[PDB]
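Here the structure is laid out as structure tokens; the discussion comes afterwards.
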Amino acid sequence: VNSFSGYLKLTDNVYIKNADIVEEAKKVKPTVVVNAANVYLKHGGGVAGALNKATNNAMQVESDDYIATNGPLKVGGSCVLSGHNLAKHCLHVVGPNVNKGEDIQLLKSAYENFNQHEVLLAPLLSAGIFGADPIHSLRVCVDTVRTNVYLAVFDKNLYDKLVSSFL
Ligand SMILES: O=C(O)c1ccc2c(c1)OCO2
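Its first residue numbered 3, the sequence shown is counted upward by one per residue in the authors' numbering.
This is the structure we're talking about:
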């Protein structure tokens, strides 16, 4: 049994809810929250900007030190950093950004990072300002992630379309 409430069960391991990822993290304090990161861990907008704002910029300060030591992530890659006030850990995952011309086949590689964590609160990778089709992102998630994933969707309209169209 876990703390996650109000989710729609899609499969054995994937759950979905219309919720503010920030507000959901603050309520649950999950072991892992996933950030929709870029390779530079520059948390300007979208999910990343919202998560970072909720940490009062501590996520960005920590991320800048990580990049200064390790250099950029790979598209499809990830790193584990602090979850600050939101979670124990933040898994920063880089999905391909279609608005930069990145290979959408890297979306599966991105979701494979979730399999290193038994339970996660996450957004749909490469959705929103990353430019991919969220219906496609949900399909790759279900067909890739084997661990227990609780997906938070920012828009009620998109949430309802994802559920109605789910095979
Ligand atoms: O919370 C936000 O401001 C935000 C902004 C962009 C998003 C999102 C959340 O879900 C995925 O796309």
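Ideal Cβ placement from N, Cα and C applies to all residues, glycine included.
By alpha-carbon positions, which one of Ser139, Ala129 and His91 ends up nearest to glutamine 118?
For this step, residue 118 is matched to residue 116 along the sequence shown. The option with the nearest alpha carbon to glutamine 118 is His91.
By how many angstroms is the C-alpha of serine 111 removed from the C-alpha of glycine 78?
Counting from 1 along the sequence shown, the entry for residue 78 is found at position 76. Counting from 1 along the sequence shown, the entry for residue 111 is found at position 109. Their Cα atoms are separated by approximately 5 Å.
I'd like the list of long-range same chain contacts for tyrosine 9, defined as Cβ closer than 7 Å, with 5 residues on each side in sequence excluded.
Walking along the sequence shown from the start, residue 9 turns up at place 7. Counting only Cβ-Cβ distances below 7 Å, and skipping sequence neighbours, we find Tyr17, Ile18, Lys19 and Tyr152.
Pull up the distance between the alpha-carbon of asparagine 99 and that of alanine 39, whole angstroms please.
Stepping through the sequence shown from its first residue, residue 99 is reached at position 97. Stepping through the sequence shown from its first residue, residue 39 is reached at position 37. Spanning the two alpha carbons is a distance of roughly 10 Å.
Would DSSP call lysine 11 helix, strand or coil?
By 1-based counting over the sequence shown, the position of residue 11 is 9. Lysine 11: strand per DSSP, three-state reduction.
Could I get the ranges of all uninterrupted beta strand (DSSP E) runs contained in the segment 13 to 74, with 3 residues as the minimum, in chain order?
16 to 20 and 34 to 38
Local Cβ density within 10 Å of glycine 73, reported as buried at 16 or more and exposed below that
One-based indexing of the sequence shown puts residue 73 at position 71. By the neighbour-count rule (16 or more Cβ atoms within 10 Å), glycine 73 is not buried but exposed.
Whole-angstrom distance between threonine 71 and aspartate 162, CA atom to CA atom
Indexing the sequence shown from 1 puts residue 162 at position 160. Indexing the sequence shown from 1 puts residue 71 at position 69. In a straight line, the C-alpha of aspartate 162 is about 42 Å away from that of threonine 71.
Output the distance between the C-alpha atoms of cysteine 81 and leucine 122, rounded to the nearest integer angstrom.
Residue mapping note: residue 81 aligns to position 79 of the sequence shown, counting from 1. Residue mapping note: residue 122 aligns to position 120 of the sequence shown, counting from 1. Looking at the two C-alpha atoms, the distance is approximately 14 Å.
How far does the beta strand (DSSP E) with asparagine 150 in it reach, from first residue to last?
Along the sequence shown, one-based indexing puts residue 150 at 148. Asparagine 150 -> beta strand (DSSP E) spans 150 to 155.
With a cut-off of 8 Å on the beta carbons, I'd call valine 34 and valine 96 a contact; round off their distance for me.
As a first step, residue 34 is located in the sequence shown; it is residue number 32 there, counting from the start. As a first step, residue 96 is located in the sequence shown; it is residue number 94 there, counting from the start. Their Cβ separation, rounded to whole angstroms, is 16 Å, which puts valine 34 and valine 96 out of contact at 8 Å.
Could you check the C-alpha separation between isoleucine 137 and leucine 164 for me, to the nearest Å?
Numbered from 1 along the sequence shown, position 135 holds the residue referred to as residue 137. Numbered from 1 along the sequence shown, position 162 holds the residue referred to as residue 164. The alpha-carbon atoms of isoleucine 137 and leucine 164 are separated by roughly 6 Å.
Got a sec? Which residues, its chain only, sit under 6 Å from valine 155 by beta carbon, not counting five neighbours each side?
For this step, residue 155 is matched to residue 153 along the sequence shown. Excluding residues within five positions, the ones whose Cβ falls inside 6 Å are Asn20 and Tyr161.
Terminal residues of the alpha helix (DSSP H) in which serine 80 lies:
Position 78 of the sequence shown, counting from 1, holds the residue named residue 80. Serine 80 -> not in any alpha helix (DSSP H); beta strand (DSSP E) instead, spanning 80 to 84.
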